[PDB]
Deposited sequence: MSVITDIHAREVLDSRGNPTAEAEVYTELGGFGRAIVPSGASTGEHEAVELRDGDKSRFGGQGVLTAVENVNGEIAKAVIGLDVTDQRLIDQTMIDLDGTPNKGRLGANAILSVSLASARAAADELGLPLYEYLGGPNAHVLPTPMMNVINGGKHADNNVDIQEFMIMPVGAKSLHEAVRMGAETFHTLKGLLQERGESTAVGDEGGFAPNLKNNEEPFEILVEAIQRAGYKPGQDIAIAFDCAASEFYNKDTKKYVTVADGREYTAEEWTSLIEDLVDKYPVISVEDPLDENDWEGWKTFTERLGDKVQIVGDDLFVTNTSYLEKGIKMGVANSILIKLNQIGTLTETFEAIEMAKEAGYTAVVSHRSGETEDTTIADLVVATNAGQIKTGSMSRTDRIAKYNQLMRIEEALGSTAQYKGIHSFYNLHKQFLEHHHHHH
């Protein structure tokens, strides 16, 4: 039984306010969770509640969402069993009463949702991934790391160690390649300062050449050892054949949001042509919402979904999106937001669900690195029972 719930305002990796919640149980269980925040939010994402007080953080305060936790949510949830995740989440969903969590705030709700799962794992004496996924939680994710950013139209250029035999090796290959890329950029007189996700933004096809060169320089085989993924996020500058040229030219394994978030017909066309060649990920298209994913499955749109906890607002609804995707033969790529925190929940979440892929940033900034560190702790704990799939994560192909 949950005995107390407390929220506070802390800062994310961009120095912007976000919500942190703590849950206490009768047995002495403790869980603390922090909610990340996007900058390129899709228009159909769950409501992130901001104060709009221009005298605090330019109106980016989350004191209201925090008070919604400390008041209404605390009253509604205290007394529930900490292990009753679905009841806890549905209770908050009903309490809000709006489809997009706009009354209480998705950031208020998710903070409690995650802190509850953590408190439950704590009081059971289980690591988070074991509690969330059960005895067969064992698959470590093949990570796509955002090393080059976009001047440039495409938003994220990623390396993905599909040839690694463990997560540890995947992390080392990524780090070595990142630092090779860093040296490469330094030669060409580019800045080695980093964007929000830890990657570089030097001054659409050029980054593909740069990635291949960096991979080769680090002593790895492009395609076999390290492949390329990218997120167009085309909603920000709103063609299929240009994408397909890139795909056939370069060792690309995944492409995300290659078309606008509301262009359902164009997506279906895209998927028909390229669905056999590459992973096609919907991000702004699906917004971690089962109602949107269901539509795409019926239309044969995409073959993958980017899973973002705060796009939907509860751990339960996130489980439901991941499982719906799996049953449709879609991969579920568990994802960070561009505004991250010291919270590492997504690492445990992706192993718990055996999703097989993660998108949690480049090889710099602790807001990304902490996730990779946790994944390594998880792999160590799993020992011989662990599994890293690499290219075999792509059951959608």
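Given the full deposited sequence, which segments carry no C-alpha coordinates? Going by the record, the segments left unmodelled (no C-alpha atoms) fall at 1-2, 153-158, 212-214, 250-269, 429-440.
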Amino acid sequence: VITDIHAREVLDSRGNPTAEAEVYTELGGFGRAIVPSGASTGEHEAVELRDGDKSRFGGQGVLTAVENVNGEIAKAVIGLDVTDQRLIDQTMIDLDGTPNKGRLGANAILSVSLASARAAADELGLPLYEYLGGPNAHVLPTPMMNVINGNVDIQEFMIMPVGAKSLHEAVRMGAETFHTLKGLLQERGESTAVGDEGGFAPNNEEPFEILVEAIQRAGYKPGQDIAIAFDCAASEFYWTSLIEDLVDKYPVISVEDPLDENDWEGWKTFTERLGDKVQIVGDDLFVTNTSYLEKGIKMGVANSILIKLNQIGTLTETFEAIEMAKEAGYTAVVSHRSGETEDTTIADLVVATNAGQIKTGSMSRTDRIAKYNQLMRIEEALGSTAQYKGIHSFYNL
From here on, numbers count along this sequence of modelled residues.
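Please work out which of 311-319 and 152-160 has the higher mean CA B-factor as recorded in the PDB entry. According to the PDB entry, the answer is 152-160.
Of 138-146 and 177-185, the one with larger mean CA B-factor: Result of the comparison: 177-185.
From the list 196, 122, 84, 236, select the residue with the highest C-alpha B factor recorded in the entry. Each of 196, 122, 84, 236 was compared by C-alpha B-factor; the highest is 236.
From 116, 289, 100, 90, which pick has the Cα B-factor that tops the rest in the entry? 289 has the highest C-alpha B-factor of those listed.
Could you tell me which third, lowest, middle or highest, the C-alpha B-factor of residue 348 occupies within its chain? Ranked within chain, residue 348 CA B lands in the lowest tercile.
Lowest, middle or highest third: where is residue 37 by C-alpha B factor in its chain? It belongs to the middle third of the chain when residues are ordered by C-alpha B-factor.
How does residue 45 rank on Cα B-factor within its chain, lowest, middle or highest third? For residue 45, the deposited C-alpha B-factor lands in the highest third.
Splitting the chain's C-alpha B-factors into thirds, which one does residue 368 fall into? Lowest third, going by the recorded CA B-factors of the chain.
Entry-reported Cα temperature factor of residue 397, expressed as the chain third it lands in: As the PDB entry reports it, the C-alpha B-factor of residue 397 lands in the highest third of its chain.
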